[PDB]
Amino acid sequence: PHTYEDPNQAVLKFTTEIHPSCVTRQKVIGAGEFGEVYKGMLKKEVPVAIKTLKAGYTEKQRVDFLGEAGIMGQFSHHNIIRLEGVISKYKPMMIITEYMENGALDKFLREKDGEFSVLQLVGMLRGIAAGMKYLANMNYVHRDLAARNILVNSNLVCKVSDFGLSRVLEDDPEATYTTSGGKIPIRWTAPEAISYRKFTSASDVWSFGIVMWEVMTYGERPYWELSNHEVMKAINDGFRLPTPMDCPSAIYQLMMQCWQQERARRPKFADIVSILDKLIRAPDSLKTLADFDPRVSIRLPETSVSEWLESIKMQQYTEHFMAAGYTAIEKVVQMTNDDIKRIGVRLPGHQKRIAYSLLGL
């Protein structure tokens, strides 16, 4: 429905007002768009993440901050972060969520470089795809799916985590690193979303393919060394991300499927989940690896009578071909081997060469 576009209504309907006394802040664990993030306890008491709103906020800033919880409270899935509640009546504003001990996915994979199996990475991807399938069936377009917005708990369960609003695109074109601000980065956004602001579940599928690449590389940066402008031009001209090291051919095949230029040709999230589950339940399909070239940060785009005789070094037969009536190409491609014998190509090697060449035409 439209319950994803009204933050105040969402806060009213889908959040639980928590009293400040029930919250105990313990230790800073991150720095968010709106303020600091703490690990603490919520009342037996349970560990939780506590997002706070920096003092001196604008009214619209307050609205946008609590709107994330308004969205999050509408969901309920194993692979979507759980909302305990919010503090809105007393300062500072706060959002309470389940604690994810291992934090952001990309940082975690970097810390655990090479410490998992390809099967475990594909299982993480399956969990993320399950969360995104849930979101898509709820008619929710994330617009900002990336490994940094996926959290990981003790049991390596991955959950989608960032449900902000007023999301706008990265405007810095000469940049190569991460830009300042809570913007949607160009490197994870589908082409139509950049060019025409057409964010759909298919653009989320594109970003999910980027997340797949992220995981298979243990948290590398997409389009490394390239600039946002170079990334946009590359994607428009057909370039794509290259094969990760030690990547199953099936997984890179699926990534490339997610990155189809025409959004309609991309797989839906149900298809994604089915493919990943099939692969996991038959892990022998993950041993065939896709070719790896350590030099590339991007894959190249894909491609769309005398001359023919000289292509095979038989130009000296040209006059013969002209004398027997084979003056045009359209009639030669319809030529049989007995016609070749008849015209004067008596040597067997020449017959064989002309025949193999003819097969192509």
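So that there is no doubt, residue numbering starts at 1 and follows the sequence shown.
Deposited sequence between residue 304 and residue 305: 4 to 9 residues lack coordinates. Unmodelled residues of the deposited sequence between neighbouring positions residue 320 and residue 321 number none; the chain is continuous. Comparing 173 to 181 with 219 to 227, the stretch with the higher mean C-alpha B-factor in the PDB entry is 173 to 181. Averaged over CA atoms, B-factors in the entry run higher in 339 to 347 than in the other of 339 to 347 and 16 to 24.
Within the group 115, 284, 84, 204, the record's highest C-alpha temperature factor is found at 284. In the PDB entry, the Cα temperature factor peaks, among 79, 288, 253, 166, at 166. Among the modelled residues of the chain, residue 63 sits in the lowest third by CA temperature factor in this PDB entry. Remark: residue 50 belongs to the middle third of its chain, ranked by C-alpha B-factor as recorded. When all modelled residues of the chain are sorted by CA temperature factor, residue 314 is found within the middle third. Remark: residue 35 belongs to the middle third of its chain, ranked by C-alpha B-factor as recorded. When the modelled residues of the chain are ordered by C-alpha B-factor, residue 278 sits in the middle third.
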